[PDB]
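All remarks here apply to the structure that follows.
In the text below, chain A, chain B and the rest are named by the order of the sequence lines, each starting its count at 1. Atoms considered below: every heavy atom in the structure, side chains included; atoms not considered: hydrogens, waters and symmetry mates.
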Amino acid sequence: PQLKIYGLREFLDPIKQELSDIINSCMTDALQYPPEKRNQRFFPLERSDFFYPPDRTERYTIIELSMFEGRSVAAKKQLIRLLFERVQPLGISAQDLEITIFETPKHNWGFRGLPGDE
Amino acid sequence: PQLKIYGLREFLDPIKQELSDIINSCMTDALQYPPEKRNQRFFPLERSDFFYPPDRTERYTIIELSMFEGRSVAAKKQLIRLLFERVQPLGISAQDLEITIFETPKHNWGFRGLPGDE
Amino acid sequence: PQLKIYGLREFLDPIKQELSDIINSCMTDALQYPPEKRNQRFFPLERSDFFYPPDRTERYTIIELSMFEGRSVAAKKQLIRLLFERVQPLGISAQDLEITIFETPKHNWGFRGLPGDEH
């Protein structure tokens, strides 16, 4: 599973390392992936590139997650709830977090030299 | 509804503020979203990082839209035509604009503390 | 077909012109787009922004493909196998390449002034 994290540079860079491990812990606890399978890409944005809603603050953060289809709604909902709860101490409140999950068949993936369904 | 706009930095940077309001008005018009929910991320690109078809110009621009499933094809097509019509004053002709819309279930989203279906 | 390519800037920048033609050759070989329909975006990343698995090297490269629905699994699988085989000369091993393909209907696309299902 691949993660992409977006946020203003000035507020995402100080917390980049701890946020990485916390997101990885949610991947392990809600979806049972081994901790060493961490796949994250961060995109710190300048203020002129980030047009977020005015109801939110400069700490507004977006996580996009691509993974196999076939997991239940309950597990995907558990992951969303873990992400909201565990980013709180980083200064990212529920209003300042947004998550989107995309699911594709395993035969659309390739890793370690074979299609995903193989 | 998240949008991501890609273009050459040389030509996207001078116009991204107007283009942002133009794009926001198409969301409001074709999809009835309030202007307050503007959610956009701009990605100005280097020339060596952007390989686009040779029959297009340096003003080539890509818009990626991610939203809930459930809107009609007619509403999505009205959005595509409004984007083509309205970015044209900014120097983006129809050859230089490409739009892709991705849709996912509501329970795949996390925003404001809860899975989207709640 | 839109392609996004990610990797550390140290190793993506010197090879990306060669990587661009190699990827475009795999799209033409496996899915028969004309080579003039190349559509790629590269994102060279810094060290503090790329958290890849530790069983992988600094050469780890990610390729995302977004295209129309309708191509067969066999065609998509051949595209995956070709990408793995052809990125070898540029020093990217099988463990260091990951591919993801997203499909959407044609009416979800806009290009050349019209929705994709009207051309």
Legend entry - Verdict with reasoning, A:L97 to B:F111, per side chain to side chain contact (heavy atoms under 4.5 Å, CB included): CA-CA 6 Å; A:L97 182 58; B:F111 63 92; over 6 Å; no

Inset, instruction - Name the region of A:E85, side chain, backbone, both or neither, that has any atom closer than 4.5 Å to a heavy atom of chain B. - result: neither

Legend entry - Structural part of A:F84 lying under 4.5 Å from a heavy atom of chain B: side chain

Inset, instruction - Using the six-membered ring of A:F50, assess whether NZ or CZ of B:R41 lies under 6.0 Å from its centre and within 45 degrees of the ring axis. - result: no

Inset, instruction - State plainly whether the residues A:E46 and B:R9 are in salt-bridge range, i.e. N to O under 4.0 Å. - result: no

Legend entry - Carboxylate-amine/guanidinium contact A:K77 B:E118, below 4.0 Å: yes

Legend entry - chain A interface, residue from B:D117, B:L12, B:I5 that has the most non-hydrogen pairs under 4.5 Å: B:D117

Inset, instruction - Could you check which of B:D13, B:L3, B:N108 has the highest count of heavy-atom pairs closer than 4.5 Å to chain A? - result: B:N108

Got [X] and [Y] here, is their nearest side-chain heavy-atom distance under 4.5 Å?
X	Y	result
A:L45	B:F43	yes
B:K16	A:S48	yes
A:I62	B:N39	yes
B:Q40	A:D49	no

